[PDB]
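Numbered from 1 within each chain, the chains take letters A, B, ... in sequence-line order. Side-chain atoms are counted along with the backbone in the values below, which use heavy atoms only and exclude waters and symmetry mates.
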Amino acid sequence: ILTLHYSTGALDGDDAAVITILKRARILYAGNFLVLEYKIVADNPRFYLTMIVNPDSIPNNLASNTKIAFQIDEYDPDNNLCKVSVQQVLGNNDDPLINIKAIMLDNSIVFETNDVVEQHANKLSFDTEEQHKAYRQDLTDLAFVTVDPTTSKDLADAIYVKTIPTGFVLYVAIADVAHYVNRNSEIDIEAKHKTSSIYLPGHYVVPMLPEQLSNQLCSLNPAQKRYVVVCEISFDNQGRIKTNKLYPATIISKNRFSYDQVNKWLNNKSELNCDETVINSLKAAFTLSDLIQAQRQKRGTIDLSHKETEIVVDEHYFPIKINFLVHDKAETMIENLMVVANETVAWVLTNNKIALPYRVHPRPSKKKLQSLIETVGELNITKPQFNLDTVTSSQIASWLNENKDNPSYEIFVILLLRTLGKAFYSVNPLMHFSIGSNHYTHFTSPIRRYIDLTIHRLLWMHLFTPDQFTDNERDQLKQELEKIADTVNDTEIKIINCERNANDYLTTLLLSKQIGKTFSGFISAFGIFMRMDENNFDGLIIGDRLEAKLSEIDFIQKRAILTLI
RNA sequence: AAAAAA
Ligand SMILES: [Mg+2]
């Protein structure tokens, strides 16, 4: 497969020369239509072919500067000519939301509503008798709550924590999505294709499941009875796990909190209008969370936190400003409880000899570490003493920790993450090196990740109600696990590229209003990249500090051009 | 290109 000598019409993802194309990476391409003589300028700057537009594919009244998608029906290798045909009209080429949808199309990400799938979803309802199953514990009396970003309408997890003399009991209640979505149903097939929900700025979301499930029937909304799968974990007073149980349950969330509300309550800047049972559960949750964090740091875990930003857009999808995100205390509390549930479920399935898709992150090779050691040692970052074949999560963490004061610590973490590589899903039991566990999976987010849905299905079919499934049903799912992991892994790459394309588009749209401003920053990486302090975005012209002026936006390549003072 | 909620 080919990545973009310059002189046989092959494209990205389809010394040597290309002889033939076995399979195109794409069938549709986004572009701007211009007008009589017709032209298309592809959105992707790596689309280098000259295009002859078929007039019979163009509605007669379709005007210039309209975003379209086109396909190649045939091509001619002797003249570097290609024929293209218009397949979709998307809208005005200057509209930022239209550009975001074009970016999705260019990354092969479905975003248009599937009328067949929504009609199936509108047929679903709340079965009142499910709560009376002998296997489903009625927990509707417990003061569960949800803590999420203010704008989310998909809330998959609720928590309740009780203090006991010997320690703590944690209840992590996860929406019972497998109860509503039958395997190989129309809804399931569409979810498996998407593999996850998509979150773009302005809270524009492409949901893995349609809204009546993701935001209503499975969303653990306040004051609603909801069916869940509970991970219940008992801890000692040091935060060490003693026992665990998994089981289906029924809950009623008592409150829907935002991270912002909980964090301000933490700093005594405000108060929560809720029952004292909720207050006491939150207090125990934070106490338990600090203990869990201390235990995980003791056993080994790599904090790869670094600068992150989000782009705020208005109601018409025009960008307003860039915010630096603050993974604060309340967000940290939720993450600690979700990780311990995820880790526990991984071990339960493993202990029971049930094949599952793990979330894995292998130890990096000695060679890659050596290359990294060479690159960074040049940059006032200590040289580590550990053995490179045997290096533990703790040793990487200690190396980062003893450099927390280096002025270039930010760029250090970036290169280590690449050296470490991408996490992925695998049925083979590989470690998660940065989390610090030998077994890990994704269990807590089945409304928005297909892997979590699969994990719930495995629990139901093997542990909760094995009698309602056949050995051929269990083997049918087992045989598919590696293909599910592959599809999710392949699609995750596309989703990451789509968000990156979209953030570059919106950030440069915002910066195009700011030719006239000077910026400070350092170098992140044909030329010098400079990352501006105010927006965390790299302009084009490692670790040196610089100051520079914004001279132009390159809209072809979606890049910011800077000039040295 | 890690984790978590989205
Ligand atoms: Mg949540």
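- For A/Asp533 and A/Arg545, the salt-bridge test passes: some basic side-chain N is under 4.0 Å from an acidic carboxylate O.
- The pair A/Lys269-A/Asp260 fails the salt-bridge criterion, with no side-chain N (NZ, NE, NH1 or NH2) lying under 4.0 Å from an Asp/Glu carboxylate O.
- Residue A/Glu308 places a side-chain atom within donor-acceptor reach of the base of B/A2, judged by atom type and a 3.5 Å distance cut-off alone.
- When the nucleotides B/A1, B/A6, B/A4 are ranked by their closest atom to the side chain of A/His442, B/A4 comes out on top.
- For the pair A/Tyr425 OH and B/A2 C1', the computed distance is 13 Å after rounding to whole Å.
- A donor-acceptor contact under 3.5 angstrom links the side chains of A/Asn107 and A/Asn497, judged on distance only.
- Residue-level contact check: A/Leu155 touches the backbone only, with heavy atoms under 4.0 Å from sugar-phosphate atoms and none from bases.
- Residue contacts for A/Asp154: at a heavy-atom cut-off of 4.0 Å it reaches the sugar-phosphate backbone alone, with no base atom in range.
- Pairs engaging residues 375-385 of chain A under the side chain to side chain donor-acceptor pair (under 3.5 Å) rule: A/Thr382-A/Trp399, A/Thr382-A/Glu402, A/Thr382-A/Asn403, A/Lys383-A/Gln385 [sequence neighbours left out].
- The residue A/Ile435 sits close only to the backbone: its heavy atoms come under 4.0 Å of sugar-phosphate atoms, none of a base.
- Residue A/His327 has its side chain nearest to B/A4 when only B/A4, B/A1, B/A5 are considered.
- Comparing B/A3, B/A1, B/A5 by their closest approach to the side chain of A/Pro149 singles out B/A5.
- Contact check, A/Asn342 against B/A4: a side-chain N or O comes under 4.0 Å of OP1 or OP2.
- At least one side-chain nitrogen or oxygen of A/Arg449 sits closer than 4.0 Å to the OP1 or OP2 atom of B/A5.
- For A/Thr332 and B/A4, the shortest distance from a side-chain N or O to OP1 or OP2 is not below 4.0 Å.
- Nucleic acid contact class of A/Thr444 (heavy atoms, under 4.0 Å, all strands): sugar-phosphate only.
- For B/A3, the OP1/OP2 oxygens have no side-chain nitrogen or oxygen of A/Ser305 closer than 4.0 Å.
- Every pair passing ring-ring contact (aromatic ring centres under 6.0 Å, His included) that includes a residue from residues 308-349 of chain A is listed here, sequence neighbours excluded: A/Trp347-A/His439.
- The A/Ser445 side chain lies nearest to B/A6 when the options are B/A6, B/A4, B/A2.
- The distance between atom CZ of A/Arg448 and atom P of B/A4, rounded to the nearest whole Å, is 8 Å.
- Against RNA chain B, the stretch residues 195-212 of chain A makes heavy-atom approaches under 4.0 Å through A/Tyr199, A/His203.
- For A/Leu304, counting side-chain heavy atoms from C-beta on, the closest listed nucleotide (B/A2, B/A6, B/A4) is B/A2.
- In terms of position along RNA chain B, the nucleotide closest to A/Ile414 lies nearer the 5' end than the nucleotide closest to the other residue of the pair A/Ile414 and A/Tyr440.
- Listed candidates were B/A5, B/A3, B/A1. Nearest to the side chain of A/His432 is B/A3.
- Residue contacts shown for A/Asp157 are limited to sugar-phosphate atoms, with no base heavy atom under 4.0 Å away.
- Contact annotation for A/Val413: no contact, since no heavy-atom pair falls under 4.0 Å across all strands.
- Between A/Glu410 and A/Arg531, no side-chain nitrogen of the basic residue sits less than 4.0 Å from a carboxylate oxygen of the acidic one, so the salt-bridge criterion is not met.
- At the heavy-atom level, A/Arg359 lies under 4.0 Å from the strands shown only through sugar-phosphate atoms.
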